[PDB]
Amino acid sequence: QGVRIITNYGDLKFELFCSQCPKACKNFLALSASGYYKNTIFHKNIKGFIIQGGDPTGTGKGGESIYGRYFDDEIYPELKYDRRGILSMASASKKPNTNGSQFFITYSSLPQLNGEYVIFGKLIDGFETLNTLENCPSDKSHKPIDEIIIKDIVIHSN
């Protein structure tokens, strides 16, 4: 399945790994469908590393899953941070099975993250958009100066 993250800087299209990560994918889809991510921000943007959002509070401390506060990890060797635009759940290995609503998108291969967070999709379109996002200025605390806003996350058809 494909989803489209609609931002104030353009659209990001992701392929979801339904077969491998059904729990993470179902969470992401059900939260998206219920409008849980509408008018939220990416609160952390680190060039060459990751961009993180999916907190309704926008502080980096909030958000929950459809299963409760946390849900279990779907972590596999076959899914790796081996390319730009990987879609993952925020949480690490120190505190396992602590996935909520927050997610991040990678800016490059990041082998140090392998086994640490649930990967459940990858960017398949809107690479220009991701480039734009990477170049958006942030402050000392990695918070974008001008807000990067998720308008909606929709299931892509056609």
# chains A, B, ... in the order shown; residues from 1 in each chain; ligands from 1
>>> select_by_dssp(residues="region 13-154 of chain A", states="alpha helix (DSSP H)", output="list in words")
residues 22, 23, 24, 25, 26, 27, 28, 29, 30, 31, 32, 33, 127, 128, 129, 130, 131, 132, 133 and 134 of chain A
>>> residues_around(residues="region 149-153 of chain A", least_positions_apart="3", cutoff="9 Å", atoms="only C-alpha atoms", output="tab-separated table (two decimals) with N, CA, C and O atoms, in the first residue's frame")
chain	number	residue	atom	x	y	z
A	3	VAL	N	0.96	5.52	0.92
A	3	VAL	CA	0.42	6.69	1.60
A	3	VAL	C	1.10	7.97	1.10
A	3	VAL	O	2.23	7.93	0.61
A	4	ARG	N	0.40	9.08	1.23
A	4	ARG	CA	0.92	10.38	0.84
A	4	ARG	C	0.85	11.33	2.03
A	4	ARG	O	-0.23	11.62	2.54
A	5	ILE	N	2.01	11.80	2.48
A	5	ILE	CA	2.08	12.81	3.52
A	5	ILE	C	2.08	14.18	2.85
A	5	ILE	O	2.98	14.51	2.08
A	6	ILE	N	1.04	14.96	3.15
A	6	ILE	CA	0.84	16.27	2.55
A	6	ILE	C	1.35	17.34	3.51
A	6	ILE	O	0.81	17.52	4.60
A	7	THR	N	2.41	18.04	3.09
A	7	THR	CA	3.03	19.08	3.91
A	7	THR	C	2.91	20.46	3.26
A	7	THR	O	2.59	20.56	2.07
A	8	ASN	N	3.18	21.50	4.04
A	8	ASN	CA	3.21	22.87	3.51
A	8	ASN	C	4.41	23.13	2.59
A	8	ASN	O	4.62	24.27	2.15
A	9	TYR	N	5.17	22.08	2.29
A	9	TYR	CA	6.30	22.15	1.37
A	9	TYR	C	6.20	21.16	0.21
A	9	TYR	O	7.14	21.03	-0.58
A	29	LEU	N	-1.92	3.74	9.46
A	29	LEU	CA	-3.11	3.92	8.62
A	29	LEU	C	-4.34	4.37	9.42
A	29	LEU	O	-5.06	5.27	9.00
A	32	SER	N	-3.83	7.93	10.70
A	32	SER	CA	-3.98	8.81	9.55
A	32	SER	C	-5.46	9.00	9.16
A	32	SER	O	-5.91	10.13	8.97
A	33	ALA	N	-6.19	7.89	9.05
A	33	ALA	CA	-7.60	7.89	8.65
A	33	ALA	C	-8.51	8.67	9.61
A	33	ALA	O	-9.45	9.33	9.18
A	35	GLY	N	-7.62	11.18	11.27
A	35	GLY	CA	-7.17	12.58	11.26
A	35	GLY	C	-6.20	12.97	12.37
A	35	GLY	O	-5.96	14.16	12.61
A	36	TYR	N	-5.65	11.97	13.04
A	36	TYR	CA	-4.70	12.15	14.15
A	36	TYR	C	-3.43	12.94	13.80
A	36	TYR	O	-2.80	13.52	14.70
A	37	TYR	N	-3.05	12.95	12.53
A	37	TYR	CA	-1.83	13.63	12.06
A	37	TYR	C	-2.12	14.95	11.33
A	37	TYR	O	-1.19	15.66	10.94
A	38	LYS	N	-3.40	15.26	11.13
A	38	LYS	CA	-3.81	16.50	10.47
A	38	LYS	C	-3.40	17.72	11.29
A	38	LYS	O	-3.67	17.79	12.49
A	39	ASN	N	-2.75	18.66	10.61
A	39	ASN	CA	-2.29	19.92	11.21
A	39	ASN	C	-1.31	19.70	12.37
A	39	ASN	O	-1.42	20.35	13.43
A	40	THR	N	-0.39	18.76	12.18
A	40	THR	CA	0.69	18.52	13.13
A	40	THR	C	2.00	18.97	12.49
A	40	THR	O	2.04	19.27	11.30
A	41	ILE	N	3.06	19.03	13.30
A	41	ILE	CA	4.36	19.52	12.85
A	41	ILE	C	5.46	18.45	12.93
A	41	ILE	O	5.36	17.48	13.68
A	42	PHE	N	6.50	18.64	12.13
A	42	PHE	CA	7.77	17.96	12.33
A	42	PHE	C	8.55	18.81	13.31
A	42	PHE	O	9.02	19.89	12.95
A	53	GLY	N	8.25	13.68	13.26
A	53	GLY	CA	6.96	14.29	13.56
A	53	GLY	C	5.98	13.28	14.14
A	53	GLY	O	6.39	12.25	14.67
A	54	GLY	N	4.69	13.57	14.03
A	54	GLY	CA	3.65	12.63	14.47
A	54	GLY	C	3.24	12.76	15.93
A	54	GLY	O	2.55	11.90	16.46
>>> closest_residue(among="A:59, A:34, A:1, A:108", to="residue 18 (chain A)", atoms="only C-alpha atoms")
A:1
>>> closest_residue(among="A:83, A:122, A:23, A:44", to="residue 100 (chain A)", atoms="only C-alpha atoms")
A:23
